[PDB]
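**Q** Below you'll find run.csv; it's CSV, C-alpha atoms and all ligand atoms.
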```csv
chain,number,residue,atom,x,y,z
S,1,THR,CA,-32.1,18.4,-13.0
S,2,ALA,CA,-33.3,17.5,-16.5
S,3,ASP,CA,-29.6,17.7,-17.5
S,4,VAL,CA,-28.7,14.8,-15.1
S,5,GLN,CA,-31.6,12.9,-16.7
S,6,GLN,CA,-30.4,13.6,-20.2
S,7,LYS,CA,-26.9,12.5,-19.3
S,8,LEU,CA,-28.1,9.2,-17.8
S,9,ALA,CA,-30.2,8.5,-20.9
S,10,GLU,CA,-27.2,9.2,-23.1
S,11,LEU,CA,-25.0,6.8,-21.0
S,12,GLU,CA,-27.7,4.1,-21.2
S,13,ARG,CA,-27.9,4.4,-25.0
S,14,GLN,CA,-24.2,4.3,-25.5
S,15,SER,CA,-24.0,1.2,-23.2
S,16,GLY,CA,-26.5,-0.8,-25.2
S,17,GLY,CA,-28.2,-2.0,-22.1
S,18,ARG,CA,-30.7,-1.1,-19.3
S,19,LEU,CA,-29.6,1.1,-16.5
S,20,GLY,CA,-31.3,1.7,-13.1
S,21,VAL,CA,-30.2,4.4,-10.7
S,22,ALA,CA,-31.4,5.8,-7.3
S,23,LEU,CA,-29.4,8.4,-5.3
S,24,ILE,CA,-30.6,9.6,-1.9
S,25,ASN,CA,-28.9,12.8,-0.7
S,26,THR,CA,-29.3,13.1,3.0
S,27,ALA,CA,-28.2,16.8,2.9
S,28,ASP,CA,-31.7,17.8,1.6
S,29,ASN,CA,-33.7,14.6,1.6
S,30,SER,CA,-33.7,14.6,-2.2
S,31,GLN,CA,-33.6,11.8,-4.8
S,32,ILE,CA,-32.3,11.3,-8.3
S,33,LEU,CA,-34.1,8.5,-10.0
S,34,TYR,CA,-33.7,6.6,-13.4
S,35,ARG,CA,-35.8,3.5,-14.1
S,36,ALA,CA,-35.9,3.4,-10.3
S,37,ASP,CA,-39.2,1.5,-10.1
S,38,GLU,CA,-38.2,-1.2,-12.7
S,39,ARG,CA,-37.0,-4.6,-11.5
S,40,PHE,CA,-33.4,-5.8,-11.9
S,41,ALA,CA,-31.7,-9.0,-10.8
S,42,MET,CA,-29.7,-8.2,-7.6
S,43,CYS,CA,-27.0,-10.9,-7.9
S,44,UNK,CA,-24.3,-10.5,-5.2
S,45,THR,CA,-26.0,-7.2,-3.9
S,46,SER,CA,-28.5,-9.4,-2.1
S,47,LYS,CA,-25.8,-10.5,0.3
S,48,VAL,CA,-26.3,-7.2,2.3
S,49,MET,CA,-29.9,-8.3,3.2
S,50,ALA,CA,-28.7,-11.8,4.2
S,51,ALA,CA,-26.0,-10.5,6.4
S,52,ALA,CA,-28.4,-7.9,7.9
S,53,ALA,CA,-30.8,-10.8,8.7
S,54,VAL,CA,-28.1,-12.6,10.6
S,55,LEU,CA,-27.1,-9.4,12.4
S,56,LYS,CA,-30.8,-8.8,13.4
S,57,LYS,CA,-31.0,-12.4,14.7
S,58,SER,CA,-27.9,-11.8,16.8
S,59,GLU,CA,-29.6,-9.0,18.7
S,60,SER,CA,-31.5,-11.6,20.8
S,61,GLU,CA,-28.8,-14.4,20.6
S,62,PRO,CA,-25.4,-13.2,21.9
S,63,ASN,CA,-22.5,-15.3,20.6
S,64,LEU,CA,-24.5,-16.1,17.5
S,65,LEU,CA,-21.7,-14.4,15.4
S,66,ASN,CA,-19.2,-16.8,17.1
S,67,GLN,CA,-21.2,-20.0,16.1
S,68,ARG,CA,-19.1,-22.3,14.0
S,69,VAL,CA,-20.3,-23.6,10.6
S,70,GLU,CA,-18.7,-26.7,8.9
S,71,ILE,CA,-17.4,-26.1,5.3
S,72,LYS,CA,-17.4,-29.3,3.2
S,73,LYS,CA,-16.6,-30.1,-0.5
S,74,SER,CA,-20.3,-30.5,-1.0
S,75,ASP,CA,-20.8,-26.8,-0.1
S,76,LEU,CA,-18.6,-25.4,-2.9
S,77,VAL,CA,-20.4,-23.5,-5.7
S,78,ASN,CA,-19.1,-21.4,-8.6
S,79,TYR,CA,-17.1,-18.7,-6.8
S,80,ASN,CA,-15.6,-19.6,-3.4
S,81,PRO,CA,-12.5,-17.4,-2.9
S,82,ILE,CA,-12.5,-17.6,0.9
S,83,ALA,CA,-14.5,-20.8,1.6
S,84,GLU,CA,-12.1,-22.9,-0.6
S,85,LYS,CA,-9.4,-22.2,1.9
S,86,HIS,CA,-11.4,-23.7,4.8
S,87,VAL,CA,-12.8,-27.0,3.4
S,88,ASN,CA,-13.0,-29.6,6.2
S,89,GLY,CA,-12.8,-27.0,8.9
S,90,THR,CA,-15.3,-24.5,10.4
S,91,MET,CA,-15.9,-20.7,9.9
S,92,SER,CA,-17.8,-18.5,12.3
S,93,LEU,CA,-20.9,-16.7,11.2
S,94,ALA,CA,-19.0,-13.4,11.6
S,95,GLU,CA,-16.3,-14.8,9.3
S,96,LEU,CA,-18.9,-15.9,6.7
S,97,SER,CA,-20.6,-12.5,6.8
S,98,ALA,CA,-17.3,-10.7,6.1
S,99,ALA,CA,-16.4,-13.2,3.3
S,100,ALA,CA,-19.8,-12.7,1.7
S,101,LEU,CA,-19.7,-8.9,1.9
S,102,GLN,CA,-16.0,-8.3,1.2
S,103,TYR,CA,-15.1,-11.0,-1.3
S,104,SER,CA,-18.6,-11.9,-2.7
S,105,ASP,CA,-18.0,-15.5,-1.5
S,106,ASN,CA,-21.0,-17.6,-2.6
S,107,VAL,CA,-20.6,-20.4,-0.1
S,108,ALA,CA,-20.7,-17.7,2.6
S,109,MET,CA,-23.9,-16.3,1.2
S,110,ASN,CA,-25.5,-19.8,1.2
S,111,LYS,CA,-24.5,-20.3,4.8
S,112,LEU,CA,-26.1,-17.0,5.8
S,113,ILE,CA,-29.3,-17.9,3.8
S,114,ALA,CA,-29.5,-21.4,5.4
S,115,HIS,CA,-28.9,-20.2,9.0
S,116,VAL,CA,-31.9,-17.8,8.9
S,117,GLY,CA,-34.2,-20.3,7.3
S,118,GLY,CA,-33.8,-19.9,3.5
S,119,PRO,CA,-34.6,-17.4,0.8
S,120,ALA,CA,-38.2,-16.9,2.0
S,121,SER,CA,-36.9,-16.0,5.5
S,122,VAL,CA,-34.5,-13.3,4.1
S,123,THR,CA,-37.5,-12.0,2.1
S,124,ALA,CA,-39.7,-12.0,5.2
S,125,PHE,CA,-37.0,-9.9,7.0
S,126,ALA,CA,-37.1,-7.4,4.2
S,127,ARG,CA,-40.9,-7.2,4.6
S,128,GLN,CA,-40.5,-6.6,8.4
S,129,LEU,CA,-38.3,-3.6,7.6
S,130,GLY,CA,-40.9,-2.1,5.3
S,131,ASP,CA,-39.4,-3.2,2.0
S,132,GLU,CA,-42.3,-4.8,0.0
S,133,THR,CA,-40.3,-5.0,-3.3
S,134,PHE,CA,-37.2,-7.1,-2.6
S,135,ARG,CA,-37.5,-10.8,-3.3
S,136,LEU,CA,-34.9,-13.5,-2.8
S,137,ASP,CA,-36.1,-16.7,-4.5
S,138,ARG,CA,-33.1,-18.9,-4.9
S,139,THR,CA,-29.7,-19.8,-3.4
S,140,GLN,CA,-26.3,-19.5,-5.1
S,141,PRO,CA,-25.4,-20.1,-7.8
S,142,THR,CA,-28.8,-20.0,-9.5
S,143,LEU,CA,-29.9,-16.6,-8.2
S,144,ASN,CA,-27.4,-15.0,-10.7
S,145,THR,CA,-29.1,-16.2,-13.9
S,146,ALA,CA,-30.5,-12.7,-14.5
S,147,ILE,CA,-32.8,-13.7,-17.4
S,148,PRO,CA,-34.7,-10.6,-18.9
S,149,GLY,CA,-38.3,-10.7,-17.9
S,150,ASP,CA,-37.7,-13.1,-14.9
S,151,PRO,CA,-38.8,-11.5,-11.6
S,152,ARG,CA,-36.9,-14.0,-9.4
S,153,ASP,CA,-34.2,-12.5,-7.2
S,154,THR,CA,-35.0,-8.9,-8.1
S,155,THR,CA,-35.7,-5.5,-6.6
S,156,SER,CA,-36.0,-1.9,-7.8
S,157,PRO,CA,-33.3,0.8,-7.4
S,158,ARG,CA,-35.7,3.0,-5.3
S,159,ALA,CA,-36.5,0.2,-2.9
S,160,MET,CA,-32.9,-1.0,-2.5
S,161,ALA,CA,-31.7,2.6,-1.9
S,162,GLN,CA,-34.3,3.2,0.8
S,163,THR,CA,-33.5,-0.1,2.5
S,164,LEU,CA,-29.8,0.4,2.4
S,165,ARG,CA,-30.3,3.8,4.0
S,166,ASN,CA,-32.3,2.2,6.8
S,167,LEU,CA,-29.6,-0.5,7.3
S,168,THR,CA,-26.5,1.7,7.3
S,169,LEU,CA,-27.8,5.2,8.4
S,170,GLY,CA,-31.2,4.4,10.0
S,171,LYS,CA,-32.3,2.2,12.9
S,172,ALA,CA,-33.2,-1.1,11.3
S,173,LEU,CA,-30.3,-2.6,13.3
S,174,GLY,CA,-29.0,-2.0,16.9
S,175,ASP,CA,-26.0,0.3,17.3
S,176,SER,CA,-23.5,-2.5,17.5
S,177,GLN,CA,-25.0,-4.4,14.6
S,178,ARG,CA,-25.3,-1.3,12.4
S,179,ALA,CA,-21.6,-0.3,13.1
S,180,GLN,CA,-20.6,-3.9,12.2
S,181,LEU,CA,-22.4,-3.8,8.9
S,182,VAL,CA,-20.8,-0.4,8.0
S,183,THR,CA,-17.4,-1.7,9.0
S,184,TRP,CA,-17.8,-4.8,6.8
S,185,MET,CA,-19.0,-2.8,3.8
S,186,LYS,CA,-16.1,-0.2,4.1
S,187,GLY,CA,-13.7,-3.1,3.9
S,188,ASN,CA,-15.0,-4.5,0.6
S,189,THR,CA,-12.4,-5.6,-1.9
S,190,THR,CA,-14.5,-6.0,-5.0
S,191,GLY,CA,-15.8,-2.4,-5.7
S,192,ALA,CA,-12.9,-0.2,-6.7
S,193,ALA,CA,-13.8,-0.2,-10.4
S,194,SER,CA,-17.6,0.4,-9.9
S,195,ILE,CA,-19.2,3.3,-8.0
S,196,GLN,CA,-15.9,4.2,-6.3
S,197,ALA,CA,-14.3,4.8,-9.7
S,198,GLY,CA,-16.7,7.6,-10.4
S,199,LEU,CA,-16.1,9.5,-7.2
S,200,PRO,CA,-13.2,11.7,-5.9
S,201,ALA,CA,-10.4,9.7,-4.3
S,202,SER,CA,-11.0,11.4,-0.9
S,203,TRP,CA,-14.6,10.2,-0.4
S,204,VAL,CA,-15.2,7.2,1.8
S,205,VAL,CA,-17.3,4.3,0.4
S,206,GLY,CA,-18.9,1.2,1.8
S,207,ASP,CA,-20.3,-0.9,-1.1
S,208,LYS,CA,-21.4,-4.3,-2.3
S,209,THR,CA,-21.1,-5.4,-5.9
S,210,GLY,CA,-22.9,-8.1,-8.0
S,211,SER,CA,-22.6,-9.7,-11.4
S,212,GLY,CA,-24.4,-12.4,-13.3
S,213,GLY,CA,-25.8,-13.6,-16.6
S,214,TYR,CA,-26.7,-11.1,-19.4
S,215,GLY,CA,-23.7,-9.0,-18.5
S,216,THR,CA,-25.4,-7.9,-15.3
S,217,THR,CA,-23.2,-5.5,-13.4
S,218,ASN,CA,-24.4,-4.0,-10.1
S,219,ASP,CA,-23.2,-1.9,-7.1
S,220,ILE,CA,-24.9,-0.5,-4.0
S,221,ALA,CA,-23.2,2.0,-1.7
S,222,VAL,CA,-23.2,4.3,1.3
S,223,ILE,CA,-20.9,7.3,0.6
S,224,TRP,CA,-19.4,9.9,2.9
S,225,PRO,CA,-18.2,12.8,0.7
S,226,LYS,CA,-15.6,15.2,2.1
S,227,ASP,CA,-17.4,17.6,4.5
S,228,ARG,CA,-20.9,16.7,3.3
S,229,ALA,CA,-23.9,14.7,4.6
S,230,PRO,CA,-23.9,11.0,3.5
S,231,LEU,CA,-25.3,9.7,0.2
S,232,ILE,CA,-26.9,6.3,-0.7
S,233,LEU,CA,-26.4,5.2,-4.3
S,234,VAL,CA,-27.8,2.1,-6.2
S,235,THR,CA,-26.5,1.5,-9.8
S,236,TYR,CA,-27.9,-1.6,-11.6
S,237,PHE,CA,-27.1,-2.5,-15.2
S,238,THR,CA,-28.0,-5.4,-17.5
S,239,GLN,CA,-27.6,-6.2,-21.2
S,240,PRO,CA,-29.5,-8.0,-24.0
S,241,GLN,CA,-27.0,-10.8,-24.8
S,242,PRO,CA,-26.7,-13.9,-22.5
S,243,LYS,CA,-22.9,-13.9,-22.7
S,244,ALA,CA,-22.4,-10.1,-22.6
S,245,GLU,CA,-19.2,-9.0,-20.7
S,246,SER,CA,-19.2,-7.1,-17.5
S,247,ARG,CA,-19.5,-3.2,-17.7
S,248,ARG,CA,-18.3,-1.8,-14.3
S,249,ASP,CA,-17.3,1.4,-16.2
S,250,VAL,CA,-21.0,2.1,-16.8
S,251,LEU,CA,-21.6,2.1,-13.0
S,252,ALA,CA,-18.6,4.5,-12.5
S,253,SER,CA,-20.0,6.8,-15.2
S,254,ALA,CA,-23.5,6.8,-13.6
S,255,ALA,CA,-22.0,7.7,-10.2
S,256,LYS,CA,-20.0,10.6,-11.7
S,257,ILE,CA,-23.1,12.0,-13.4
S,258,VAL,CA,-25.3,11.9,-10.4
S,259,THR,CA,-22.7,13.4,-7.9
S,260,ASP,CA,-21.1,16.1,-10.1
S,261,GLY,CA,-21.5,19.3,-8.2
S,301,CL,CL,-24.4,-14.0,-26.4
```
Is it possible to give me this structure as structure tokens?
Ligand SMILES: [Cl-]
**A**
Amino acid sequence: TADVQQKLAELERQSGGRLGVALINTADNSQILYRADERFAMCXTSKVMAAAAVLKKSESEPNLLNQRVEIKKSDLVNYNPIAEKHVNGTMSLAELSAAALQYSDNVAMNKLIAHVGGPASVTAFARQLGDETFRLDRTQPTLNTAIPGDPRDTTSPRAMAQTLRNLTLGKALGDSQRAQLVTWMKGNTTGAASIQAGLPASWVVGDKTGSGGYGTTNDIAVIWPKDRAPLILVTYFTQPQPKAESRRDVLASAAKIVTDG
């Protein structure tokens, strides 16, 4: 409705920044869109595509998820909540995927990127799925710079919603791999103040957050409302000042506006 549009515009203005939203409602195959064709820095939300690329590779390499990866001091980057506990040992690719998706561990992301061949290989996987908007240019930590006007490491809300629908509810991945991705996302620990904070307590959410420079604050989610068909929701937000603080409340507010009713 035009009312949902006016409410999102008012939220954006009060926030001082730039807000991007795409909701897909699978009940009626409808969309609610706000700046949904503009580019936004993905930050952490790009870990979904890296983990999905590893899952796809595993469809023709059984025991790929059990392959061991060495963790060294030289691997540490700027946010390593899980990897810092495993220095000088190994972690499996399954453990790295869970750490990336559920804790936003940046060493884990870098190991998923490296395994599949680098940022251009993650990007080529996106293209294979039919996503011609996503671009992963850099590794962690530099992919989080989020400089206004910079197209590196960006996508649009419309494209990321359509791709997340394919990955979690569609047929991009085999049944075992799709179920594993959904299980990992439902176990996320970083999203309770973002999209989830704008939805009723009874609804079930699998999500991946991101944050970066310029106060960039992001979340992408698959949502099972009580007794309703699933939803896909992307909320991306960025601000004008390099050192702006995070605004997870803006993502919660956007989620409430687009799901009310
Ligand atoms: Cl500043």
**Q** Could you tell me how far atom CA of residue 170 of chain S sits from atom CA of residue 37 of chain S, in Å to one decimal place?
**A** 21.8 Å
**Q** Report as a ChimeraX atom specification which protein, DNA and RNA residues come within 12 Å of ligand CL 301 (chain S), using all atoms listed in the file.
**A** /S:213-215,239-245
**Q** Go ahead and save the picked residues with C-alpha atoms, as a CSV table (one decimal), in the coordinates of the input.
**A**
```
chain,number,residue,atom,x,y,z
S,213,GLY,CA,-25.8,-13.6,-16.6
S,214,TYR,CA,-26.7,-11.1,-19.4
S,215,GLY,CA,-23.7,-9.0,-18.5
S,239,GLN,CA,-27.6,-6.2,-21.2
S,240,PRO,CA,-29.5,-8.0,-24.0
S,241,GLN,CA,-27.0,-10.8,-24.8
S,242,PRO,CA,-26.7,-13.9,-22.5
S,243,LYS,CA,-22.9,-13.9,-22.7
S,244,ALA,CA,-22.4,-10.1,-22.6
S,245,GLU,CA,-19.2,-9.0,-20.7
```
**Q** Have a look at S:80, S:26, S:66, S:209 and name the one nearest to residue 54 of chain S; count only C-alpha atoms.
**A**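 Under the stated criterion, the closest residue is S:66.
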**Q** Taking (-21.3, -3.0, 8.6) in the file's own coordinates, collect the residues within 10 Å, counting all atoms listed in the file, and hand them back as a ChimeraX atom specification.
**A** /S:48,51-52,55,97-98,101,167-168,176-187,206-207
**Q** If I take atom CA of residue 4 of chain S and atom CA of residue 166 of chain S, how far is one from the other in Å, to one decimal?
**A** 25.5 Å
**Q** Calculated over all atoms listed in the file, which of the candidates S:145, S:188, S:106, S:156 has the smallest distance to residue 236 of chain S?
**A**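 Distance minimum relative to residue 236 of chain S lands on S:156.
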**Q** Do you know which residues lie at most 10 Å from (-22.0, -21.9, -0.4), with coordinates as in the file and all atoms listed in the file counted, and could you write them as an mmCIF file with C-alpha atoms, in the coordinates of the input?
**A**
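Output (out-v1.cif):
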```
data_model
loop_
_atom_site.group_PDB
_atom_site.id
_atom_site.type_symbol
_atom_site.label_atom_id
_atom_site.label_comp_id
_atom_site.auth_asym_id
_atom_site.auth_seq_id
_atom_site.Cartn_x
_atom_site.Cartn_y
_atom_site.Cartn_z
ATOM 1 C CA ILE S 71 -17.400 -26.100 5.300
ATOM 2 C CA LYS S 72 -17.400 -29.300 3.200
ATOM 3 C CA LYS S 73 -16.600 -30.100 -0.500
ATOM 4 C CA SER S 74 -20.300 -30.500 -1.000
ATOM 5 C CA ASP S 75 -20.800 -26.800 -0.100
ATOM 6 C CA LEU S 76 -18.600 -25.400 -2.900
ATOM 7 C CA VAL S 77 -20.400 -23.500 -5.700
ATOM 8 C CA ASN S 78 -19.100 -21.400 -8.600
ATOM 9 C CA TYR S 79 -17.100 -18.700 -6.800
ATOM 10 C CA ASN S 80 -15.600 -19.600 -3.400
ATOM 11 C CA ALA S 83 -14.500 -20.800 1.600
ATOM 12 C CA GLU S 84 -12.100 -22.900 -0.600
ATOM 13 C CA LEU S 96 -18.900 -15.900 6.700
ATOM 14 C CA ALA S 100 -19.800 -12.700 1.700
ATOM 15 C CA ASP S 105 -18.000 -15.500 -1.500
ATOM 16 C CA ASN S 106 -21.000 -17.600 -2.600
ATOM 17 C CA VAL S 107 -20.600 -20.400 -0.100
ATOM 18 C CA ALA S 108 -20.700 -17.700 2.600
ATOM 19 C CA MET S 109 -23.900 -16.300 1.200
ATOM 20 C CA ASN S 110 -25.500 -19.800 1.200
ATOM 21 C CA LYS S 111 -24.500 -20.300 4.800
ATOM 22 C CA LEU S 112 -26.100 -17.000 5.800
ATOM 23 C CA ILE S 113 -29.300 -17.900 3.800
ATOM 24 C CA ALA S 114 -29.500 -21.400 5.400
ATOM 25 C CA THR S 139 -29.700 -19.800 -3.400
ATOM 26 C CA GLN S 140 -26.300 -19.500 -5.100
ATOM 27 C CA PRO S 141 -25.400 -20.100 -7.800
#
```
**Q** Of the candidates S:24, S:120, S:233, S:19, which shows the shortest atom-to-atom distance to residue 39 of chain S, using all atoms listed in the file?
**A**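 Among S:24, S:120, S:233, S:19, it is S:19 that comes nearest to residue 39 of chain S.
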**Q** Given all atoms listed in the file as the basis, pick out the residue of S:21, S:205, S:195, S:161 nearest to residue 253 of chain S.
**A**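 Looking at the shortest contact to residue 253 of chain S, the residue is S:195.
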**Q** Between S:87, S:136, S:147, S:53, single out the one closest to residue 115 of chain S, counting all atoms listed in the file.
**A** S:53
**Q** Would you mind completing segment 160-186 of chain S to N, CA, C and O atoms and writing the output as a compact mmCIF listing (two decimals), in the coordinates of the input?
**A**
```txt
# COMPACT_ATOMS: atom_id res chain seq x y z
N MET S 160 -34.14 -0.57 -3.07
CA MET S 160 -32.90 -1.00 -2.50
C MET S 160 -32.12 0.22 -1.89
O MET S 160 -31.44 0.06 -0.87
N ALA S 161 -32.26 1.42 -2.47
CA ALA S 161 -31.70 2.60 -1.90
C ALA S 161 -32.30 2.94 -0.55
O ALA S 161 -31.62 3.22 0.45
N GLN S 162 -33.64 2.92 -0.49
CA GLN S 162 -34.30 3.20 0.80
C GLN S 162 -33.96 2.18 1.84
O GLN S 162 -33.71 2.54 2.99
N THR S 163 -33.91 0.90 1.47
CA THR S 163 -33.50 -0.10 2.50
C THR S 163 -32.08 0.00 2.90
O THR S 163 -31.78 -0.14 4.08
N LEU S 164 -31.16 0.26 1.97
CA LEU S 164 -29.80 0.40 2.40
C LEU S 164 -29.58 1.61 3.29
O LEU S 164 -28.79 1.56 4.24
N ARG S 165 -30.33 2.70 3.04
CA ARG S 165 -30.30 3.80 4.00
C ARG S 165 -30.74 3.42 5.36
O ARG S 165 -30.07 3.74 6.35
N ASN S 166 -31.85 2.69 5.47
CA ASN S 166 -32.30 2.20 6.80
C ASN S 166 -31.25 1.35 7.46
O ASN S 166 -30.99 1.53 8.66
N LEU S 167 -30.61 0.44 6.72
CA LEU S 167 -29.60 -0.50 7.30
C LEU S 167 -28.36 0.20 7.77
O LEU S 167 -27.81 -0.18 8.81
N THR S 168 -27.85 1.18 7.01
CA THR S 168 -26.50 1.70 7.30
C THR S 168 -26.58 3.07 8.03
O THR S 168 -25.67 3.36 8.82
N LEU S 169 -27.63 3.87 7.83
CA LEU S 169 -27.80 5.20 8.40
C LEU S 169 -28.98 5.32 9.33
O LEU S 169 -29.03 6.25 10.16
N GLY S 170 -29.96 4.44 9.18
CA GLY S 170 -31.20 4.40 10.00
C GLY S 170 -31.05 3.43 11.15
O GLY S 170 -29.96 3.09 11.61
N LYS S 171 -32.21 2.96 11.60
CA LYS S 171 -32.30 2.20 12.90
C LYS S 171 -32.92 0.84 12.69
O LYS S 171 -33.47 0.27 13.65
N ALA S 172 -32.74 0.24 11.51
CA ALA S 172 -33.20 -1.10 11.30
C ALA S 172 -32.42 -2.09 12.25
O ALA S 172 -33.00 -3.07 12.74
N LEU S 173 -31.13 -1.83 12.50
CA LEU S 173 -30.30 -2.60 13.30
C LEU S 173 -29.86 -1.86 14.58
O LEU S 173 -29.79 -0.63 14.57
N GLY S 174 -29.59 -2.59 15.67
CA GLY S 174 -29.00 -2.00 16.90
C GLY S 174 -27.68 -1.33 16.60
O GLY S 174 -27.02 -1.60 15.60
N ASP S 175 -27.26 -0.46 17.51
CA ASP S 175 -26.00 0.30 17.30
C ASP S 175 -24.83 -0.55 16.97
O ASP S 175 -24.06 -0.28 16.05
N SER S 176 -24.61 -1.60 17.78
CA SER S 176 -23.50 -2.50 17.50
C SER S 176 -23.57 -3.16 16.17
O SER S 176 -22.58 -3.26 15.44
N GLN S 177 -24.77 -3.64 15.82
CA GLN S 177 -25.00 -4.40 14.60
C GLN S 177 -24.84 -3.47 13.36
O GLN S 177 -24.24 -3.86 12.35
N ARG S 178 -25.40 -2.25 13.44
CA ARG S 178 -25.30 -1.30 12.40
C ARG S 178 -23.80 -0.92 12.14
O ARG S 178 -23.34 -0.85 10.99
N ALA S 179 -23.06 -0.66 13.22
CA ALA S 179 -21.60 -0.30 13.10
C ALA S 179 -20.90 -1.48 12.43
O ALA S 179 -20.00 -1.26 11.60
N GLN S 180 -21.24 -2.73 12.79
CA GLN S 180 -20.60 -3.90 12.20
C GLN S 180 -20.83 -3.99 10.70
O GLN S 180 -19.93 -4.31 9.92
N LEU S 181 -22.08 -3.78 10.28
CA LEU S 181 -22.40 -3.80 8.90
C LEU S 181 -21.61 -2.75 8.09
O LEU S 181 -21.05 -3.03 7.02
N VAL S 182 -21.58 -1.52 8.62
CA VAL S 182 -20.80 -0.40 8.00
C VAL S 182 -19.35 -0.75 7.91
O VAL S 182 -18.71 -0.56 6.88
N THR S 183 -18.78 -1.28 9.00
CA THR S 183 -17.40 -1.70 9.00
C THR S 183 -17.10 -2.73 7.91
O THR S 183 -16.14 -2.63 7.15
N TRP S 184 -17.96 -3.74 7.82
CA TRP S 184 -17.80 -4.80 6.80
C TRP S 184 -17.82 -4.16 5.39
O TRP S 184 -16.97 -4.45 4.55
N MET S 185 -18.82 -3.31 5.12
CA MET S 185 -19.00 -2.80 3.80
C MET S 185 -17.82 -1.81 3.40
O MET S 185 -17.39 -1.78 2.24
N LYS S 186 -17.30 -1.04 4.37
CA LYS S 186 -16.10 -0.20 4.10
C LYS S 186 -14.88 -0.97 3.80
O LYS S 186 -13.97 -0.43 3.16
```
